[PDB]
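> Have a look at this fold, sequence not included:
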DNA sequence: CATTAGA
DNA sequence: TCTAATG
Ligand code: NA
Ligand code: NA
């Protein structure tokens, strides 16, 4: 956690570069597991060889360790750290939509700068373009202040279109969080569940409303169960506009809301934790259900869930408010 | 790990 | 279809 620090840091430093800059998913896979284990290891590693003793630690890695150990630096790393190519990739990859592969491509053709990326929107796709457009606005955290207002509006239409529609801004915001990255609204409906073959219209209706009122300025991807787009709070009695924000809304079959809802709220650890626990209490949890655990090693039969509460009660737990879902 | 775009 | 990019 701190003792095995730099090591893991350099490991993942190394890993990240393999998976993007190169297409070295193995090597990339290498660095990763290794840095995972040296990560749990309780003693101050003091020689590659030492570390070596580990599973995942091969020759190459250890060798680096030794180097990193000796000198507080890495060659491959400082050389890597300097290459404007790998650099350009690291950067380019930022744009929502620009992934490594697109990244390289862009680089080879020579788009290194954001400006470059401009003169050639032509070669960019819709996503990317928007992603390029709000390059600045997308990098920004959302003041809890705007969330409310954003949320307020969401909730107002969902309701305005169909009274039956249950909306639920999850995530960090919902966890109390002061700022968040983007807005994620969980959507469901009664007329919609596990069997009852779709009703695409469901998501579609509200997407339309959010557009009608001008909350939603642009679409990333609309699909029959998950909409990905771009929203904006009305720029008030002017002198001030709102930055564009990323919003996502997904339609959930009523029978599995809460499960998603729990999950979607997080934290990451909180889940695993509750999850790791559901297991001891003879259960199983995941993005949609909670199924009793059978001794024959496995079992199923997805248990009816009324709210986040029933989930706890099942696993026999203490209702922990969203604020306290920190872990 | 599953949904969408795109080509 | 397969591949990418988002989450
Ligand atoms: Na070994
Ligand atoms: Na991106």
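Looks like it came in fine. Numbers count the residues shown, from 1 in each chain, chains lettered A, B, ... in the order given. Ligands and ions are numbered 1, 2, ... in the order given.
> residue boundaries of the strands in the stretch 201-327 of chain A?
Listed in chain order, the strands of the stretch 201-327 of chain A (DSSP state E, counting those that start in this stretch) span A:216-222, A:226-231, A:245-253, A:283-286, A:289-292.
> could the ones you listed be laid out in CSV, adding mean neighbour count?
C-betas here are computed from N, CA, C, even on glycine. Supplementary listing: those in CSV, determined by neighbours: other C-beta atoms under 10 Å:
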stretch, mean neighbour count
strand A:216-222, 16
strand A:226-231, 20
strand A:245-253, 22
strand A:283-286, 19
strand A:289-292, 19
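> tell me, how many neighbours does the closest residue to DNA strand B within chain A end up with?
Using C-beta to the nearest atom of the strand, residue A:223 is the residue of chain A that sits closest to DNA strand B, at 2.1 Å. The number of residues packed near residue A:223 is 12, by other C-beta atoms under 10 Å.
> Just list the residues touching it, thanks.
Contacts here follow C-beta atoms under 8 Å, 6 or more residues apart in numbering; on that basis residue A:223 touches nothing.
> Then the one 3 residues further on?
Taking C-beta under 8 Å, 6+ apart as the criterion, residue A:226 is in contact with A:203, A:248, A:249, A:250, A:251.
> ditto for residue A:327
A:267, A:269, A:270, A:273.
> Residue numbers of chain A in contact with DNA strand C?
Residues of chain A that fall close to DNA strand C, judged by C-beta under 7 Å from any atom of the strand: A:93, A:95-103, A:131, A:182, A:184, A:246, A:248.
> separation between the nearest residue to residue A:230 once chain neighbours are set aside and residue A:201?
Computed as C-beta to C-beta, 6 or more residues apart in numbering, the closest residue to residue A:230 that is not its neighbour in sequence is residue A:218, at 4.4 Å. Separation of residue A:218 from residue A:201 (C-beta to C-beta, to the nearest Å): 21 Å.
> same question, residue A:323
35 Å.
> Which of these two has more residues huddled nearby?
The neighbour comparison of residue A:323 against residue A:201 (other C-beta under 10 Å) goes to residue A:201, with 13 against 10.
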